[PDB]
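Engineer: Starting off with a structure, shown below.
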Amino acid sequence: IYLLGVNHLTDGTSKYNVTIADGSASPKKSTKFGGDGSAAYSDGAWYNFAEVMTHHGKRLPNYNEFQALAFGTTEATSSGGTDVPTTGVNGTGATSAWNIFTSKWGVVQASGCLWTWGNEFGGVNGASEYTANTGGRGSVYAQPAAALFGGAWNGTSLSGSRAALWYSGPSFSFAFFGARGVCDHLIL
Amino acid sequence: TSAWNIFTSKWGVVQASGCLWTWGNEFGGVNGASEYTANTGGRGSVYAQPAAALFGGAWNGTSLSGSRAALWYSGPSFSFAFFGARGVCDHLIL
Amino acid sequence: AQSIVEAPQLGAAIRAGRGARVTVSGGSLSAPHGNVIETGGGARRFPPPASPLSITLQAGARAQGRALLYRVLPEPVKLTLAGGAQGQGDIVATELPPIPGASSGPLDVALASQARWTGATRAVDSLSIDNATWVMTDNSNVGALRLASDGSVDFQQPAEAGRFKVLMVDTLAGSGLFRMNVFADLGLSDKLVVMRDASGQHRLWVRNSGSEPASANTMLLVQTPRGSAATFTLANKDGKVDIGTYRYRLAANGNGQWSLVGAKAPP
Amino acid sequence: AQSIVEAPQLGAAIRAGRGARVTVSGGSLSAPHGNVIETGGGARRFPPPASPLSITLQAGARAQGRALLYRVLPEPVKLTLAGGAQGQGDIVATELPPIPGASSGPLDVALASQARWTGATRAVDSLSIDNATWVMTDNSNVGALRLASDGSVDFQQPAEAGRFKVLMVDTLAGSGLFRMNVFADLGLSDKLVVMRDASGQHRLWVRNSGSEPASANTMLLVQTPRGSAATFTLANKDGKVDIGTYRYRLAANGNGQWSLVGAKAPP
Ligand SMILES: [Mg+2]
Ligand SMILES: [Mg+2]
């Protein structure tokens with residue numbers, strides 16, 4: 001329902017009214033992956049958000065998942081202002097209210113508040129040559145962009161349920177980049 | 001020129017290839033413009049959008065059709081009389 | 001009060017100076033060839049701000065002339081159109097001060113409660129439109145523009161096909177509407193430049209004044225300072241404007257430059 | 001060196017990116033319907049300012065196209081025309097950056113030793129003309145402008161009479177010449193607007209492009225901030241221009257606004 005919190009370890013990935021994880025306020029380091037429980041990652045890279053979702057048995061959305069979860073949001077609109085630091089509340093100098101961005105399914109801040117990293121690769125590739133930019137866990141080569149969905153508070157007309165940016169390498173970190181978790185539906 | 005059953009798979013998939021391309025769930029290949037474009041039916045814009053894969057070939061596809069025929073050209077916004085879709089889902093054992 | 005004043009070519013309908021106070025409620029002031037209002041010519045300088053001569057046209061006042069207000073240019077003025085008053089003139093000033101250097105008081109105009117000035121200016125120091133409208137007839141300068149309660153600047157539609165207008169302002173503040181003209185396949189539009197400081201929520205309505213386009217090309221509508229705090233939103237229905245087989249949306253990026261993008265319209 | 005390069009509509013004569021270093025001396029590059037030079041498309045992002053990809057057209061190089069330089073956005077570029085090279089195009093960026101709210105470096109062009117760019121722009125971050133000339137072909141936007149040693153910005157003479165061009169600049173510095181068009185009968189002229197900061201000694205050369213004025217009428221030529229430090233002087237010999245039976249001189253009035261005044265010419 002909500003974008004990933006910084007204290008996902010104690011709160012879960014989806015909680016109302018908490019600091020949203022981004023390049024600056026990066027998420028707590030996953031305890032399943034050598035995190036001590038209070039240390040945070042040094043940036044907001046795709047790798048980091050993908051690590052966090054796994055730790056909670058979730059993944060980042062694919063395009064087909066995103067365009068679906070976020071339907072019902074107000075299209076081609078953005079939160080405006082200079083920040084959206086908190087889930088379910090209005091943003092810092094928001095020119096429109098948070099609930100304008102609420103999906104048919106009650107996904108809060110579905111679009112145009114913060115780009116969510118995705119779980120699909122394509123778009124713009126990096127150097128066609130080995131680069132050790134993976135938090136020191138190997139090297140990439142011709143590394144394609146890792147999708148970003150929805151738009152953030154500052155792409156006014158660009159944002160929406162199908163908004164998609166395929167430019168950022170997975171090692172990129174910015175304060176407009178957070179994440180939303182998904183997982184399968186099990187019927188027994 | 002060849003009858004429909006020619007295209008039945010080992011698994012009973014009818015017109016499995018060489019009839020209509022099917023949209024896939026995978027992105028890659030030829031990119032769209034390196035500039036935000038509002039071609040999503042009015043649900044936001046897309047930057048450097050990679051193609052949505054299409055598989056199988058179509059009636060016009062000639063000898064290119066088959067179980068591994070794959071075209072990474074059309075962006076998700078494209079639409080033609082020989083682009084269709086086939087559903088797939090998970091297998092549930094309880 | 002509900003009076004008529006007619007002036008000939010050479011003169012003006014009203015001259016006020018030396019700290020006067022004029023109110024015109026109702027009635028009419030015409031001055032076909034000349035000015036409707038003139039200020040100064042008989043100087044009396046003073047260190048503290050006296051009654052900085054004020055003219056107020058209110059309760060339905062009609063005023064027409066080549067200029068609506070003509071400033072001498074020693075004295076500071078304070079023109080006010082209120083209560084549905086309507087003046088079509090120009091607002092000019094002397095364009096060289098008598099003593100080159102050291103200051104010169106402000107020329108301030110307030111458009112309020114349903115009023116309507118229709119003209120052009122590069123002489124007004126500070127304009128405040130508040131639930132009123134300025135129909136801008138030609139390229140213009142203003143120091144400090146403020147809007148409120150649905151105040152609007154309405155870039156008048158040129159009968160000359162293709163000719164756009166520019167409003168430059170030093171500082172923008174508050175919240176209002178800007179009706180602007182756009183010419184499609186010529187790829188040109190009325191522009192609005194803010195030079196030092198912009199702030200507040202504003203709205204842009206778009207008039208299709210040049211017929212539909214061959215292609216899809218973007219158009220710059222608003223330029224503002226680098227790290228500006230101002231926001232603009234397309235006022236047309238649904239945040240979009242349909243020009244022929246195309247659809248446009250207002251998107252800004254980088255540095256307070258609010259272009260109007262558009263591409264092929266939904267089938 | 002002395003090479004020739006042609007490109008189709010869908011392409012470019014040169015594409016460079018990721019810290020490339022290109023020098024063109026002599027020769028020729030044409031792209032009738034495309035770009036002469038393209039920058040970007042293959043991302044490599046590092047915070048240290050490495051060798052910000054640079055192109056130099058020198059030693060009498062010829063270069064023609066629909067645009068002289070197209071920037072792929074979010075890499076910094078350093079275009080240089082020197083040694084009497086001549087390029088006519090346009091210089092464009094993408095309008096929207098890929099990531100809304102992040103650092104983008106500059107698009108910097110340097111016109112030097114006898115060179116000559118002829119085109120128009122609203123994409124160039126910092127242009128510096130020095131003993132060279134920018135023939136400006138349409139309305140334009142430049143961040144920091146800087147001139148030196150007879151660097152000029154020749155406003156191109158319109159074929160359409162009455163059609164004036166405007167150059168907007170964030171900051172102005174150094175010392176250069178501006179050729180500008182004047183339409184005396186219409187009371188209209190090319191304008192140069194500086195919005196944040198102006199300084200240095202500049203020269204304006206007026207061209208008559210709309211002859212025979214009914215009266216003598218002032219025409220705004222230059223607009224600068226508050227109390228700017230910039231001086232302008234009319235470079236037409238004797239500091240005057242005779243348009244029919246009228247003489248015009250340049251006068252700076254109030255807050256850095258240089259108009260061209262004039263009245264009936266001495267008998
Ligand atoms: Mg995949
Ligand atoms: Mg992929």
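Ligands are numbered from 1 in the order shown, residues from 1 within each chain, and chains are lettered A, B, ... in the order they appear in the structure tokens.
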If you superpose chain C onto chain D over the full set of Cα atoms in sequence order, what number do you get for the RMSD in Å?
Structural biologist: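 Result: 0.4 Å C-alpha RMSD.
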Engineer: Pick out the residues no farther than 8 Å from ligand 2, counting only C-alpha atoms and all ligand atoms, and list them as a PyMOL selection string.
Structural biologist: (chain A and resi 120-122) or (chain B and resi 26-28)
Engineer: Using only C-alpha atoms and all ligand atoms, which residues of the polymer chains come no farther than 12 Å from ligand 1? I'd like the answer as a list in words.
Structural biologist: residues 59, 60, 61, 62, 63, 64, 65, 118, 119, 120, 121, 122, 146 and 147 of chain A; 24, 25, 26, 27, 28, 52 and 53 of chain B
Engineer: Write out as a VMD selection string every residue belonging to chain A that has an atom at most 9 Å from any atom of chain C, counting only C-alpha atoms.
Structural biologist: chain A and resid 76 to 77 80 to 82 95 154 to 158
Engineer: Can you build me a table of chain D residues sitting at most 9 Å from chain B, with the closest atom pair per residue and its distance in Å to one decimal, using only C-alpha atoms, sorted by chain and residue number, as a tab-separated table?
Structural biologist:
```
residue	atom	partner	partner_atom	distance
D:41	CA	B:34	CA	7.9
D:72	CA	B:34	CA	8.0
D:73	CA	B:34	CA	8.9
D:94	CA	B:35	CA	6.7
D:95	CA	B:35	CA	8.4
D:96	CA	B:35	CA	7.0
D:97	CA	B:35	CA	7.8
D:98	CA	B:47	CA	6.8
```
Engineer: Take the residues from that selection and put them in a file with C-alpha atoms, as a short mmCIF file (atom, residue, chain, number, x, y, z; two decimals), in the first residue's frame.
Structural biologist:
```
data_model
loop_
_atom_site.label_atom_id
_atom_site.label_comp_id
_atom_site.auth_asym_id
_atom_site.auth_seq_id
_atom_site.Cartn_x
_atom_site.Cartn_y
_atom_site.Cartn_z
CA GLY D 41 23.60 8.04 -26.27
CA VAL D 72 21.75 14.56 -26.20
CA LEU D 73 20.99 15.64 -22.68
CA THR D 94 16.41 17.68 -25.72
CA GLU D 95 14.09 20.06 -23.53
CA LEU D 96 13.55 17.50 -20.78
CA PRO D 97 16.30 15.88 -18.95
CA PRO D 98 16.10 12.11 -18.37
#
```
Engineer: Could you check the closest approach to chain B for each of A:71, A:177, A:47, A:172 and tell me which residue wins, using only C-alpha atoms?
Structural biologist: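 Ranking A:71, A:177, A:47, A:172 by distance to chain B, first place goes to A:71.
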Engineer: When the cut-off is 6 Å and we count only C-alpha atoms, which residues of chain A are near chain B, given as a list in words?
Structural biologist: residues 75, 76, 122, 123, 158, 159, 160, 161, 162, 163, 164, 165 and 166 of chain A
Engineer: Would you compute the distance between CA of residue 46 (chain A) and CA of residue 21 (chain A)? Give it in Å to one decimal.
Structural biologist: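 Going from CA of residue 46 (chain A) over to CA of residue 21 (chain A), I get 11.9 Å.
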Engineer: What lies within 6 Å of region 203-213 of chain D using only C-alpha atoms, ignoring chain neighbours under 3 positions off, as JSON, numbers by chain?
Structural biologist: {"D": [177, 178, 179, 180, 181, 182, 183, 184, 185, 232, 233, 234, 235, 236, 244]}
Engineer: Counting only C-alpha atoms, which residue out of D:112, D:198, D:59, D:37 sits closest to residue 77 (chain D)?
Structural biologist: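 Once distances to residue 77 (chain D) are computed over only C-alpha atoms, the minimum belongs to D:37.
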Engineer: Can you list, as a count of residues only, every residue of region 101-138 of chain A that DSSP puts in strand (DSSP E or B)?
Structural biologist: 11
Engineer: List as a PyMOL selection string the protein and nucleic acid residues near residue 68 (chain B), meaning an atom at most 12 Å away when only C-alpha atoms are counted, but skip any in the same chain fewer than 6 places from it.
Structural biologist: chain B and resi 16-18+21-22+53-57
Engineer: Those same residues - N, CA and C atoms - I'd like them written as a CSV table (one decimal), in the first residue's frame.
Structural biologist:
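What landed in selection_6.csv:
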```csv
chain,number,residue,atom,x,y,z
B,16,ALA,N,0.4,-22.2,-32.7
B,16,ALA,CA,1.5,-21.9,-31.8
B,16,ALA,C,2.5,-20.8,-32.3
B,17,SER,N,2.7,-20.9,-33.6
B,17,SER,CA,3.6,-20.0,-34.3
B,17,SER,C,3.2,-19.7,-35.7
B,18,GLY,N,3.8,-18.8,-36.4
B,18,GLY,CA,3.5,-18.5,-37.8
B,18,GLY,C,2.1,-18.1,-38.2
B,21,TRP,N,2.1,-12.8,-34.2
B,21,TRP,CA,3.0,-12.5,-33.2
B,21,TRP,C,2.3,-12.4,-31.8
B,22,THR,N,2.9,-12.9,-30.8
B,22,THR,CA,2.3,-12.7,-29.5
B,22,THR,C,3.2,-11.7,-28.7
B,53,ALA,N,9.0,-7.5,-26.4
B,53,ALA,CA,9.3,-8.7,-27.3
B,53,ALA,C,8.0,-9.2,-27.9
B,54,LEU,N,8.2,-9.7,-29.2
B,54,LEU,CA,7.1,-10.5,-29.8
B,54,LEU,C,7.7,-11.8,-30.3
B,55,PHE,N,6.9,-12.8,-30.2
B,55,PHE,CA,7.3,-14.2,-30.4
B,55,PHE,C,6.4,-14.9,-31.4
B,56,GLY,N,7.0,-15.8,-32.2
B,56,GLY,CA,6.3,-16.8,-33.0
B,56,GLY,C,6.2,-16.5,-34.5
B,57,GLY,N,6.2,-15.3,-34.9
B,57,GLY,CA,6.0,-14.9,-36.3
B,57,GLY,C,4.5,-14.8,-36.6
```
Engineer: Using only C-alpha atoms, which protein or nucleic acid residues come within 9 Å of residue 52 (chain D)? Drop anything in the same chain fewer than 4 positions from it, and give the result as an MDAnalysis selection string.
Structural biologist: chainID D and resid 18:21 75:78
Engineer: With only C-alpha atoms as the counted atoms, please give the residues lying no more than 8 Å from residue 265 (chain C), apart from itself and same-chain residues fewer than 3 positions off, as JSON, numbers by chain.
Structural biologist: {"C": [242, 245, 246, 247]}
Engineer: Go through A:188, A:107, A:178, A:140 one by one, measure the shortest atom-to-atom distance of each to residue 6 (chain A) using only C-alpha atoms, and give the residue with the smallest value.
Structural biologist: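 The answer is A:178, which sits nearest to residue 6 (chain A).
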Engineer: CA of residue 176 (chain A) to CA of residue 221 (chain C): how many Å, to one decimal?
Structural biologist: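 Taking CA of residue 176 (chain A) as the start and CA of residue 221 (chain C) as the end point, the length is 26.1 Å.
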